[PDB]
Amino acid sequence: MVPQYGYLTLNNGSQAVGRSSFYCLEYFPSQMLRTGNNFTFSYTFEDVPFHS
Amino acid sequence: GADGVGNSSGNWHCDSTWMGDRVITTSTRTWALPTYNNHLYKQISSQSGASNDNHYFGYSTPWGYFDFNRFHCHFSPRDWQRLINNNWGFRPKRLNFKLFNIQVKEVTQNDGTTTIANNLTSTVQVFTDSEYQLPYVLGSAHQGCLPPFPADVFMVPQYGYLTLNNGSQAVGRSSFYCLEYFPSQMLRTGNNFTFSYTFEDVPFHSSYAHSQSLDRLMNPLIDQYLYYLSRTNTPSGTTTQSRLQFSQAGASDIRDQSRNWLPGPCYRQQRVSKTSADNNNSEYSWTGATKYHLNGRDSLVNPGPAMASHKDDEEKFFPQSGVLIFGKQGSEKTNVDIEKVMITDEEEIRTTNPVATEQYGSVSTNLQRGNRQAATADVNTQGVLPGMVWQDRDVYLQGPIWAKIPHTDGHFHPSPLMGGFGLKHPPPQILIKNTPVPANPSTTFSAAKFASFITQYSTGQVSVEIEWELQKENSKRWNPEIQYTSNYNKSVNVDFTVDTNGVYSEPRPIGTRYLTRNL
Amino acid sequence: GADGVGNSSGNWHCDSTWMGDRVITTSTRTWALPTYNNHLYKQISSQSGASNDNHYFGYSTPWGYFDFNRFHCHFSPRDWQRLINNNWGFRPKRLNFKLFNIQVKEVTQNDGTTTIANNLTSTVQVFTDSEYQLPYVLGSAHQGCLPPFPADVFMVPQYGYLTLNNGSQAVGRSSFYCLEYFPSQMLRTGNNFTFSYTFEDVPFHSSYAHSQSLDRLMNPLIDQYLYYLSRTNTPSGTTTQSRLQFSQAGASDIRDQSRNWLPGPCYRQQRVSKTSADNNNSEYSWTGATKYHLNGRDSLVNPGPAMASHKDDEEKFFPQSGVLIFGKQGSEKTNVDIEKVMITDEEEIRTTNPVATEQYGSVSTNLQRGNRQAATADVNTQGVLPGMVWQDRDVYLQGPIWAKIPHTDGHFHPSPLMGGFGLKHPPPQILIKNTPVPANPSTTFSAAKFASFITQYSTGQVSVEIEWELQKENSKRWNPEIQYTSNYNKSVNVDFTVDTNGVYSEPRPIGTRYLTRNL
Amino acid sequence: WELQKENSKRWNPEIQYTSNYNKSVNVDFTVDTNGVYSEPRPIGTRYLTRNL
Amino acid sequence: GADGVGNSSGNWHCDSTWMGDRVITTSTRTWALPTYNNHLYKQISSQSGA
């Protein structure tokens with residue numbers, strides 16, 4: 001099962017602080033896939049030390 | 001090739017063509033694949049107190065597989081007759097495998113009613129290993145091969161394998177293979193699957209029987225120039241003194257003639273008669289059987305080395321395990337009577353091979369001397385010696401086509417025991433699976449694995465095309481041969497034909513040795 | 001290459017490089033060569049009343065020779081681990097041999113003092129036969145090989161050979177070889193010797209063990225289509241009448257399933273236990289041993305054909321002669337206790353090969369009939385039959401690398417018995433000798449041969465470089481393998497390491513079979 | 001993934017990760033009779049030895 | 001470089017030069033090497049009740 005997405009922000013007690021941010025995920029460009037479409041991307045790791 | 005939902009992905013090809021060097025057999029069947037083990041691997045092992053010989057440890061898999069390894073898949077009884085009557089030898093060359101017209105069906109069982117509906121977006125995933133990285137099941141003479149008669153629809157068998165065991169417990173060297181871990185083509189409705197394969201060079205199978213035997217390979221008219229001991233003692237007329245004498249062997253005594261070759265090797269069998277009165281009354285099925293011993297467990301040697309089943313006019317008797325035994329149509333699995341089985345008969349090999357139920361020969365036990373009489377012993381098992389010749393077991397009609405030589409430091413004369421072609425790289429396995437479709441996950445997240453799936457199965461057609469190479473018969477024999485003939489007399493049913501109920505049946509085993517070559 | 005007195009003739013090369021197709025092992029040692037037999041040939045023969053089996057006739061020679069034929073010469077315990085863990089097979093390709101930094105020393109023993117001085121003008125003469133014109137000693141597992149640990153200096157062994165004999169007396173066909181009679185390079189201080197050699201094409205050694213056994217090569221889920229006799233008689237309830245019945249073999253009875261292959265050949269052994277209480281109390285070392293017989297003399301078959309040493313959970317027992325037995329560091333020649341020797345164990349071959357201490361199987365003795373019960377016999381020795389597969393014996397770490405196939409009309413499966421690579425043209429022998437230097441001849445002429453020589457010996461370095469080809473392991477096994485691991489627990493001494501006195505030692509035999517292939 | 005190969009002159013053998021040779025009811029890292037995959041122990045990546 | 005028995009294989013260089021960006025120091029010494037442990041490896045460890 002694919003897990004649900006949620007995040008935390010600033011708080012005082014359980015009350016929010018004016019700096020706490022709200023992100024609407026509907027607000028980003030997203031590919032819409034019907035049956036018979038596929039999704040791809042590739043990624044290149046930045047140079048990092050070997051693990052020992 | 002990817003077509004729509006409404007286009008047909010491939011045509012039906014079932015055919016046989018003969019170019020006179022080559023015959024190309026094609027066959028197409030309809031298959032139905034269920035979901036095995038509820039989409040999950042399991043380990044299986046010998047049940048409880050099963051005997052030491054019967055212990056096993058292995059895994060069962062969700063995957064099915066296709067096996068065309070039986071001859072009658074490819075040949076019709078008439079096609080088999082052109083080959084058997086007209087040819088000395090044949091071997092396969094290259095084959096081709098094609099899957100098409102796949103369709104996946106979801107079934108919904110509610111109350112007593114079950115509705116079966118097309119699931120258009122579901123997939124089926126198929127791969128052929130071709131690097132031989134899996135336990136190779138084929139060649140063990142399992143059921144589940146394509147049916148003999150093209151109008152039949154067959155269920156695709158489940159795939160499982162065995163590994164090392166101690167008792168029913170596993171050993172650290174036992175391997176676990178996850179079939180999900182190989183690259184596999186995923187086929188939706190409107191996709192097809194193909195591959196082709198080329199058989200490595202292999203000796204022809206010999207479809208001929210010899211017109212001479214090793215014992216009798218010489219001119220009866222002319223004497224040899226080589227002496228043997230004709231007699232060992234001469235009478236003085238009061239007593240027989242010891243005087244050893246020699247003779248040239250000739251037509252008078254054939255058995256004494258110097259011979260340049262030896263019969264094939266033997267591993268002896270117990271003889272049982274088809275007439276129920278002649279057999280002993282005791283349980284010797286096991287205690288009397290001939291066996292081999294590995295790692296403290298005995299195993300019946302059912303096929304045995306290739307041997308003649310009986311001598312002249314013994315047709316009643318047959319070796320205990322030493323023959324292949326096929327069941328007649330509609331025969332139960334267990335404890336089935338002699339009338340139901342079809343017992344094959346190897347007697348065409350009498351010439352070069354020993355009778356399976358009798359000893360290779362006799363051998364001197366001791367060193368004679370004036371005061372002690374010479375003695376001999378019987379050799380019931382003979383390994384290969386230099387100058388031995390033998391014939392391989394016959395393939396018949398419904399026997400297996402090939403087998404995979406195990407990969408080992410050494411092996412002698414790779415030809416398999418059940419008959420057929422030993423192949424170091426046999427035709428690869430084709431494994432097929434219904435891709436799991438989950439059913440209605442919960443709204444809250446759970447990290448557990450799904451126990452709920454849509455119940456579904458798939459179906460389609462499968463097409464196998466093999467190209468065979470033929471060895472033509474060129475012989476100067478004057479008189480007619482022996483041919484395979486369907487009897488001329490009238491009958492209720494025709495042989496190799498459906499009955500009034502629609503049940504196809506094969507009346508008798510058809511083995512491939514008729515035409516005669518001189519030795 | 002000819003240098004001065006002060007130039008060095010060659011560098012020390014001891015190295016291992018891995019190109020991932022190939023590994024190239026180099027090793028350099030320091031040798032010391034004395035003068036054997038006072039510069040003269042001798043004949044040697046069995047002493048006096050030695051038993052008929054022990055008679056021999058041969059010659060001892062002044063010449064020494066070099067043998068690198070043991071693996072641990074070339075591989076370090078860590079280098080041996082990269083190969084053993086990561087690879088299915090390996091074979092040698094080409095090798096190179098180089099001698100350098102030779103120096104000859106004359107020793108003068110006067111009173112108790114012995115002064116050792118350089119003799120600059122003396123020579124050492126070396127030749128490699130390479131036409132195989134000498135008795136080939138190597139491959140008999142003699143001592144005198146390059147030491148395992150590179151800091152050791154070793155004495156070069158004396159060369160001698162055996163020929164035909166009757167008793168201790170020679171036969172007219174026995175050959176005498178004079179090693180002075182071959183072309184040989186003479187090396188003074190500042191000369192070096194080289195040659196290179198290319199191994200003929202040879203099968204890889206199999207460093208893998210099987211994850212299946214011949215007994216269990218089939219799908220447990222699916223029944224066979226081949227019947228066997230399940231039972232031979234049926235009850236009438238007053239008595240059991242004789243009625244023979246058939247069954248298809250399946251998961252329920254595995255032992256009855258038709259199998260397409262047979263285990264390897266056996267020549268039976270006597271079983272002895274490492275626990276001193278279980279063994280019988282009698283002298284059966286010889287009278288009970290398994291032997292072969294040539295020309296009226298028995299010979300113990302120590303190596304035997306390759307066989308599993310014991311069945312499941314038998315690890316206590318081992319075959320009488322059937323295994324290779326190595327001594328621990330600092331073990332005496334004779335009558336040494338079980339704790340001193342290191343006994344190798346072949347159990348990784350259980351799958352394809354019979355247990356050395358038990359019989360191949362059972363065979364029907366007689367023809368049954370209504371009035372006589374069937375009987376069977378045990379086969380304690382089995383020659384090769386068609387359709388048999390087997391594994392070759394394992395090479396270990398300190399076992400020999402190769403052997404020379406004798407040149408004969410025929411031979412079967414040339415792989416040697418001690419393990420290693422059968423080579424029709426093995427690496428040639430390198431023989432080395434101190435050239436004789438006479439001492440102060442008399443002023444008057446005498447035609448007699450010199451009995452007086454300068455006492456001297458030589459020393460230098462020897463360098464052997466072998467190139468090995470590797471067969472990489474590509475397998476889909478999901479779960480981890482078995483690897484060779486040095487134990488993690490603390491210890492007084494580290495394994496494969498010098499002790500506080502400087503004595504290198506090898507704790508256990510390391511055989512090359514870990515990675516697992518499916519059969 | 002990019003790999004850093006081990007080149008070392010150590011004479012004696014290393015320590016390796018080995019599945020135990022003894023018999024067992026279930027094989028490690030394998031499904032059981034019910035089809036439940038399991039991981040018997042954590043496998044950490046440090047075995048081969050470098051000198052400091 | 002490989003010389004005879006009588007040729008000298010190298011000269012004595014002991015020097016210091018200063019180029020004012022760089023200084024190049026050279027030093028030559030005479031060494032004497034014995035044979036240690038009688039030509040053989042040993043293991044050593046803390047003594048007893050240390």
# chains A, B, ... in the order shown; residues from 1 in each chain; ligands from 1
call {"tool": "closest_atom_pairs", "arguments": {"of": "chain D", "to": "chain B", "cutoff": "10 Å", "atoms": "only C-alpha atoms", "output": "CSV"}}
result
residue,atom,partner,partner_atom,distance
D:18,CA,B:172,CA,9.7
D:19,CA,B:172,CA,6.6
D:20,CA,B:172,CA,6.0
D:21,CA,B:172,CA,4.6
D:22,CA,B:172,CA,5.9
D:23,CA,B:171,CA,4.4
D:24,CA,B:170,CA,5.3
D:25,CA,B:169,CA,4.7
D:26,CA,B:170,CA,6.4
D:27,CA,B:170,CA,6.5
D:28,CA,B:172,CA,8.5
D:29,CA,B:176,CA,8.8
D:30,CA,B:176,CA,6.8
D:31,CA,B:42,CA,6.2
D:32,CA,B:43,CA,5.9
D:33,CA,B:43,CA,4.7
D:34,CA,B:42,CA,5.9
D:35,CA,B:42,CA,4.7
D:36,CA,B:42,CA,8.1
D:37,CA,B:41,CA,9.0
call {"tool": "write_last_selection", "arguments": {"atoms": "N, CA and C atoms", "output": "PDB file, in the first residue's frame"}}
result
ATOM      1  N   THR D  18      28.667 -15.512   5.945  1.00  0.00           N
ATOM      2  CA  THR D  18      28.366 -16.875   5.543  1.00  0.00           C
ATOM      3  C   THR D  18      27.043 -17.306   6.143  1.00  0.00           C
ATOM      4  N   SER D  19      26.187 -17.896   5.320  1.00  0.00           N
ATOM      5  CA  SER D  19      25.023 -18.587   5.845  1.00  0.00           C
ATOM      6  C   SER D  19      25.465 -19.906   6.454  1.00  0.00           C
ATOM      7  N   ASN D  20      25.007 -20.184   7.669  1.00  0.00           N
ATOM      8  CA  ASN D  20      25.506 -21.338   8.402  1.00  0.00           C
ATOM      9  C   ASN D  20      25.240 -22.632   7.644  1.00  0.00           C
ATOM     10  N   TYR D  21      26.159 -23.578   7.805  1.00  0.00           N
ATOM     11  CA  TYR D  21      26.125 -24.823   7.055  1.00  0.00           C
ATOM     12  C   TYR D  21      25.180 -25.856   7.653  1.00  0.00           C
ATOM     13  N   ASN D  22      24.814 -25.707   8.919  1.00  0.00           N
ATOM     14  CA  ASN D  22      24.019 -26.711   9.604  1.00  0.00           C
ATOM     15  C   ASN D  22      22.603 -26.762   9.043  1.00  0.00           C
ATOM     16  N   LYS D  23      21.935 -27.887   9.278  1.00  0.00           N
ATOM     17  CA  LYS D  23      20.569 -28.043   8.813  1.00  0.00           C
ATOM     18  C   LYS D  23      19.615 -27.199   9.649  1.00  0.00           C
ATOM     19  N   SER D  24      18.450 -26.921   9.075  1.00  0.00           N
ATOM     20  CA  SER D  24      17.444 -26.120   9.753  1.00  0.00           C
ATOM     21  C   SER D  24      16.078 -26.469   9.193  1.00  0.00           C
ATOM     22  N   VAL D  25      15.044 -26.092   9.940  1.00  0.00           N
ATOM     23  CA  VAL D  25      13.684 -26.265   9.446  1.00  0.00           C
ATOM     24  C   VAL D  25      13.432 -25.330   8.273  1.00  0.00           C
ATOM     25  N   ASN D  26      13.731 -24.052   8.451  1.00  0.00           N
ATOM     26  CA  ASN D  26      13.572 -23.046   7.414  1.00  0.00           C
ATOM     27  C   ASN D  26      14.930 -22.514   6.982  1.00  0.00           C
ATOM     28  N   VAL D  27      15.008 -22.096   5.735  1.00  0.00           N
ATOM     29  CA  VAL D  27      16.206 -21.443   5.230  1.00  0.00           C
ATOM     30  C   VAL D  27      16.135 -19.965   5.573  1.00  0.00           C
ATOM     31  N   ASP D  28      17.276 -19.379   5.913  1.00  0.00           N
ATOM     32  CA  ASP D  28      17.317 -17.958   6.212  1.00  0.00           C
ATOM     33  C   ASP D  28      17.044 -17.142   4.957  1.00  0.00           C
ATOM     34  N   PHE D  29      16.384 -16.002   5.142  1.00  0.00           N
ATOM     35  CA  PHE D  29      16.018 -15.122   4.034  1.00  0.00           C
ATOM     36  C   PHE D  29      15.199 -15.872   2.997  1.00  0.00           C
ATOM     37  N   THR D  30      14.138 -16.515   3.463  1.00  0.00           N
ATOM     38  CA  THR D  30      13.330 -17.351   2.599  1.00  0.00           C
ATOM     39  C   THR D  30      11.920 -17.425   3.159  1.00  0.00           C
ATOM     40  N   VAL D  31      10.952 -17.650   2.275  1.00  0.00           N
ATOM     41  CA  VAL D  31       9.572 -17.808   2.702  1.00  0.00           C
ATOM     42  C   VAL D  31       9.430 -19.079   3.526  1.00  0.00           C
ATOM     43  N   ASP D  32       8.499 -19.059   4.467  1.00  0.00           N
ATOM     44  CA  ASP D  32       8.215 -20.229   5.281  1.00  0.00           C
ATOM     45  C   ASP D  32       7.099 -21.037   4.632  1.00  0.00           C
ATOM     46  N   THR D  33       6.569 -22.015   5.360  1.00  0.00           N
ATOM     47  CA  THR D  33       5.502 -22.836   4.812  1.00  0.00           C
ATOM     48  C   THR D  33       4.217 -22.057   4.579  1.00  0.00           C
ATOM     49  N   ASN D  34       4.051 -20.899   5.209  1.00  0.00           N
ATOM     50  CA  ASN D  34       2.875 -20.073   4.980  1.00  0.00           C
ATOM     51  C   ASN D  34       3.067 -19.038   3.889  1.00  0.00           C
ATOM     52  N   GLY D  35       4.284 -18.852   3.401  1.00  0.00           N
ATOM     53  CA  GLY D  35       4.543 -17.825   2.421  1.00  0.00           C
ATOM     54  C   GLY D  35       4.980 -16.495   2.977  1.00  0.00           C
ATOM     55  N   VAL D  36       5.496 -16.459   4.195  1.00  0.00           N
ATOM     56  CA  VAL D  36       5.865 -15.216   4.856  1.00  0.00           C
ATOM     57  C   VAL D  36       7.373 -15.061   4.773  1.00  0.00           C
ATOM     58  N   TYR D  37       7.823 -14.064   4.023  1.00  0.00           N
ATOM     59  CA  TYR D  37       9.244 -13.785   3.910  1.00  0.00           C
ATOM     60  C   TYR D  37       9.760 -13.165   5.200  1.00  0.00           C
TER      61      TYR D  37
END
call {"tool": "interface_residues", "arguments": {"of": "chain D", "to": "chain A", "cutoff": "12 Å", "atoms": "only C-alpha atoms", "output": "PyMOL selection string"}}
result
chain D and resi 1-6+44-50
call {"tool": "write_last_selection", "arguments": {"atoms": "N, CA, C and O atoms", "output": "short mmCIF file (atom, residue, chain, number, x, y, z; two decimals), in the first residue's frame"}}
result
data_model
loop_
_atom_site.label_atom_id
_atom_site.label_comp_id
_atom_site.auth_asym_id
_atom_site.auth_seq_id
_atom_site.Cartn_x
_atom_site.Cartn_y
_atom_site.Cartn_z
N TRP D 1 25.26 1.92 -8.97
CA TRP D 1 26.14 2.06 -7.82
C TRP D 1 27.58 1.97 -8.30
O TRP D 1 27.88 1.22 -9.22
N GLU D 2 28.46 2.73 -7.67
CA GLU D 2 29.88 2.66 -7.98
C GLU D 2 30.61 1.93 -6.87
O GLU D 2 30.32 2.15 -5.69
N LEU D 3 31.54 1.07 -7.23
CA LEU D 3 32.21 0.20 -6.28
C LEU D 3 33.67 0.58 -6.14
O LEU D 3 34.31 1.02 -7.09
N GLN D 4 34.20 0.39 -4.94
CA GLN D 4 35.61 0.61 -4.66
C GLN D 4 36.24 -0.74 -4.33
O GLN D 4 35.96 -1.33 -3.29
N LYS D 5 37.11 -1.21 -5.21
CA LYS D 5 37.62 -2.56 -5.03
C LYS D 5 38.69 -2.62 -3.95
O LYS D 5 39.38 -1.66 -3.65
N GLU D 6 38.81 -3.82 -3.40
CA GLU D 6 39.69 -4.12 -2.28
C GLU D 6 41.01 -4.66 -2.82
O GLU D 6 41.06 -5.76 -3.37
N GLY D 44 25.23 -5.98 8.46
CA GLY D 44 25.95 -4.74 8.29
C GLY D 44 27.13 -4.91 7.37
O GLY D 44 27.65 -5.99 7.22
N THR D 45 27.59 -3.80 6.79
CA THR D 45 28.42 -3.90 5.61
C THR D 45 29.91 -4.00 5.90
O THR D 45 30.70 -4.00 4.95
N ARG D 46 30.34 -4.10 7.15
CA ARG D 46 31.77 -4.05 7.47
C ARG D 46 32.28 -5.44 7.80
O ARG D 46 32.02 -5.97 8.88
N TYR D 47 33.04 -6.02 6.87
CA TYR D 47 33.73 -7.29 7.03
C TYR D 47 35.19 -7.18 6.61
O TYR D 47 36.09 -7.41 7.43
N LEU D 48 35.44 -6.86 5.34
CA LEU D 48 36.80 -6.73 4.86
C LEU D 48 37.58 -5.76 5.72
O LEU D 48 37.02 -4.82 6.29
N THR D 49 38.87 -6.00 5.85
CA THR D 49 39.70 -5.29 6.79
C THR D 49 40.75 -4.48 6.06
O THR D 49 41.46 -5.00 5.20
N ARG D 50 40.84 -3.20 6.40
CA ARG D 50 41.91 -2.31 5.96
C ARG D 50 42.77 -1.98 7.17
O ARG D 50 42.28 -1.91 8.29
#
call {"tool": "residues_around", "arguments": {"residues": "residue 120 in chain B", "least_positions_apart": "2", "cutoff": "7 Å", "atoms": "only C-alpha atoms", "output": "list in words"}}
result
residues 104, 118, 122 and 189 of chain B
call {"tool": "atom_distance", "arguments": {"atom1": "CA of residue 461 in chain B", "atom2": "CA of residue 100 in chain B"}}
result
5.6 Å
call {"tool": "residues_around", "arguments": {"residues": "residue 24 in chain A", "least_positions_apart": "5", "cutoff": "12 Å", "atoms": "only C-alpha atoms", "output": "PDB file with C-alpha atoms, in the first residue's frame"}}
result
ATOM      1  CA  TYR A   5       1.709  12.140   2.863  1.00  0.00           C
ATOM      2  CA  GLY A   6       1.718  14.594   5.746  1.00  0.00           C
ATOM      3  CA  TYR A   7       4.061  17.097   7.305  1.00  0.00           C
ATOM      4  CA  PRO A  29       2.278  20.972 -12.129  1.00  0.00           C
TER       5      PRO A  29
END
call {"tool": "closest_atom_pairs", "arguments": {"of": "chain E", "to": "chain C", "cutoff": "10 Å", "atoms": "only C-alpha atoms", "output": "JSON lines"}}
result
{"residue": "E:1", "atom": "CA", "partner": "C:7", "partner_atom": "CA", "distance": 9.5}
{"residue": "E:2", "atom": "CA", "partner": "C:7", "partner_atom": "CA", "distance": 5.9}
{"residue": "E:3", "atom": "CA", "partner": "C:7", "partner_atom": "CA", "distance": 6.8}
{"residue": "E:4", "atom": "CA", "partner": "C:6", "partner_atom": "CA", "distance": 5.6}
{"residue": "E:5", "atom": "CA", "partner": "C:6", "partner_atom": "CA", "distance": 5.1}
{"residue": "E:6", "atom": "CA", "partner": "C:6", "partner_atom": "CA", "distance": 8.8}
{"residue": "E:7", "atom": "CA", "partner": "C:6", "partner_atom": "CA", "distance": 9.9}
{"residue": "E:37", "atom": "CA", "partner": "C:502", "partner_atom": "CA", "distance": 9.0}
{"residue": "E:38", "atom": "CA", "partner": "C:502", "partner_atom": "CA", "distance": 9.7}
{"residue": "E:39", "atom": "CA", "partner": "C:151", "partner_atom": "CA", "distance": 7.9}
{"residue": "E:40", "atom": "CA", "partner": "C:502", "partner_atom": "CA", "distance": 5.9}
{"residue": "E:41", "atom": "CA", "partner": "C:502", "partner_atom": "CA", "distance": 5.2}
{"residue": "E:42", "atom": "CA", "partner": "C:502", "partner_atom": "CA", "distance": 4.7}
{"residue": "E:43", "atom": "CA", "partner": "C:500", "partner_atom": "CA", "distance": 4.7}
{"residue": "E:44", "atom": "CA", "partner": "C:500", "partner_atom": "CA", "distance": 6.6}
{"residue": "E:45", "atom": "CA", "partner": "C:500", "partner_atom": "CA", "distance": 8.9}
call {"tool": "write_last_selection", "arguments": {"atoms": "N, CA, C and O atoms", "output": "mmCIF file, in the first residue's frame"}}
result
data_model
loop_
_atom_site.group_PDB
_atom_site.id
_atom_site.type_symbol
_atom_site.label_atom_id
_atom_site.label_comp_id
_atom_site.auth_asym_id
_atom_site.auth_seq_id
_atom_site.Cartn_x
_atom_site.Cartn_y
_atom_site.Cartn_z
ATOM 1 N N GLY E 1 70.986 1.475 -12.858
ATOM 2 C CA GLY E 1 72.431 1.502 -12.975
ATOM 3 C C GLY E 1 73.096 0.292 -12.353
ATOM 4 O O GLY E 1 72.907 0.010 -11.175
ATOM 5 N N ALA E 2 73.869 -0.435 -13.157
ATOM 6 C CA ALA E 2 74.599 -1.611 -12.700
ATOM 7 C C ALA E 2 76.054 -1.459 -13.115
ATOM 8 O O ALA E 2 76.368 -1.472 -14.308
ATOM 9 N N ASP E 3 76.935 -1.329 -12.134
ATOM 10 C CA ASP E 3 78.359 -1.182 -12.360
ATOM 11 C C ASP E 3 79.062 -2.488 -12.024
ATOM 12 O O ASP E 3 78.443 -3.478 -11.644
ATOM 13 N N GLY E 4 80.373 -2.491 -12.155
ATOM 14 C CA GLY E 4 81.144 -3.669 -11.831
ATOM 15 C C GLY E 4 81.331 -3.813 -10.338
ATOM 16 O O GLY E 4 80.621 -3.217 -9.527
ATOM 17 N N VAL E 5 82.315 -4.628 -9.974
ATOM 18 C CA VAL E 5 82.711 -4.714 -8.579
ATOM 19 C C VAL E 5 83.558 -3.517 -8.183
ATOM 20 O O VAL E 5 83.508 -3.074 -7.035
ATOM 21 N N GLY E 6 84.327 -2.966 -9.114
ATOM 22 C CA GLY E 6 85.268 -1.918 -8.789
ATOM 23 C C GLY E 6 84.777 -0.514 -9.051
ATOM 24 O O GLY E 6 85.375 0.446 -8.574
ATOM 25 N N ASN E 7 83.696 -0.355 -9.794
ATOM 26 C CA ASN E 7 83.165 0.975 -10.015
ATOM 27 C C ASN E 7 82.329 1.428 -8.829
ATOM 28 O O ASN E 7 81.707 0.621 -8.136
ATOM 29 N N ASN E 37 66.079 -11.370 13.780
ATOM 30 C CA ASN E 37 65.241 -12.528 14.064
ATOM 31 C C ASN E 37 65.705 -13.790 13.361
ATOM 32 O O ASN E 37 64.901 -14.691 13.141
ATOM 33 N N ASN E 38 66.981 -13.892 13.011
ATOM 34 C CA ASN E 38 67.492 -15.069 12.313
ATOM 35 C C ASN E 38 66.673 -15.368 11.063
ATOM 36 O O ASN E 38 66.295 -16.511 10.805
ATOM 37 N N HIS E 39 66.376 -14.324 10.296
ATOM 38 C CA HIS E 39 65.721 -14.438 8.998
ATOM 39 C C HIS E 39 64.293 -14.956 9.092
ATOM 40 O O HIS E 39 63.788 -15.532 8.130
ATOM 41 N N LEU E 40 63.606 -14.771 10.212
ATOM 42 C CA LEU E 40 62.277 -15.350 10.323
ATOM 43 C C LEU E 40 61.329 -14.451 11.096
ATOM 44 O O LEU E 40 61.727 -13.768 12.038
ATOM 45 N N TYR E 41 60.070 -14.455 10.674
ATOM 46 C CA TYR E 41 59.014 -13.719 11.339
ATOM 47 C C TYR E 41 58.714 -14.337 12.695
ATOM 48 O O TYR E 41 58.952 -15.518 12.931
ATOM 49 N N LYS E 42 58.189 -13.519 13.595
ATOM 50 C CA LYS E 42 57.764 -13.988 14.900
ATOM 51 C C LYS E 42 56.539 -13.191 15.289
ATOM 52 O O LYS E 42 56.323 -12.088 14.788
ATOM 53 N N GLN E 43 55.732 -13.735 16.187
ATOM 54 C CA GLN E 43 54.730 -12.881 16.795
ATOM 55 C C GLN E 43 55.212 -12.484 18.175
ATOM 56 O O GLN E 43 55.884 -13.248 18.871
ATOM 57 N N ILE E 44 54.878 -11.269 18.556
ATOM 58 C CA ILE E 44 55.240 -10.729 19.849
ATOM 59 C C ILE E 44 53.970 -10.236 20.516
ATOM 60 O O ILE E 44 53.007 -9.850 19.849
ATOM 61 N N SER E 45 53.959 -10.276 21.840
ATOM 62 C CA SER E 45 52.761 -9.905 22.574
ATOM 63 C C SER E 45 53.164 -9.449 23.962
ATOM 64 O O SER E 45 54.278 -9.707 24.420
#
call {"tool": "interface_residues", "arguments": {"of": "chain A", "to": "chain B", "cutoff": "9 Å", "atoms": "only C-alpha atoms", "output": "PyMOL selection string"}}
result
chain A and resi 1-4+35-36
call {"tool": "atom_distance", "arguments": {"atom1": "CA of residue 421 in chain B", "atom2": "CA of residue 15 in chain B"}}
result
23.3 Å
call {"tool": "select_by_dssp", "arguments": {"residues": "range 7-48 of chain E", "states": "strand (DSSP E)", "output": "count of residues only"}}
result
8
call {"tool": "decode", "arguments": {"residues": "range 40-53 of chain C", "atoms": "C-alpha atoms", "output": "PDB file, in the first residue's frame"}}
result
ATOM      1  CA  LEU C  40      77.537 -40.540  -9.510  1.00  0.00           C
ATOM      2  CA  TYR C  41      74.570 -42.637 -10.579  1.00  0.00           C
ATOM      3  CA  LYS C  42      73.574 -45.700  -8.594  1.00  0.00           C
ATOM      4  CA  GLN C  43      70.984 -48.388  -8.884  1.00  0.00           C
ATOM      5  CA  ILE C  44      68.628 -48.895  -5.983  1.00  0.00           C
ATOM      6  CA  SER C  45      66.340 -51.820  -5.309  1.00  0.00           C
ATOM      7  CA  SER C  46      64.037 -53.218  -2.664  1.00  0.00           C
ATOM      8  CA  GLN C  47      65.949 -54.277   0.415  1.00  0.00           C
ATOM      9  CA  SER C  48      66.499 -57.993   0.970  1.00  0.00           C
ATOM     10  CA  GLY C  49      63.403 -59.884   2.085  1.00  0.00           C
ATOM     11  CA  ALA C  50      60.922 -57.104   1.384  1.00  0.00           C
ATOM     12  CA  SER C  51      57.438 -58.348   0.583  1.00  0.00           C
ATOM     13  CA  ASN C  52      56.385 -59.208  -2.958  1.00  0.00           C
ATOM     14  CA  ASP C  53      54.329 -56.038  -3.199  1.00  0.00           C
TER      15      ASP C  53
END
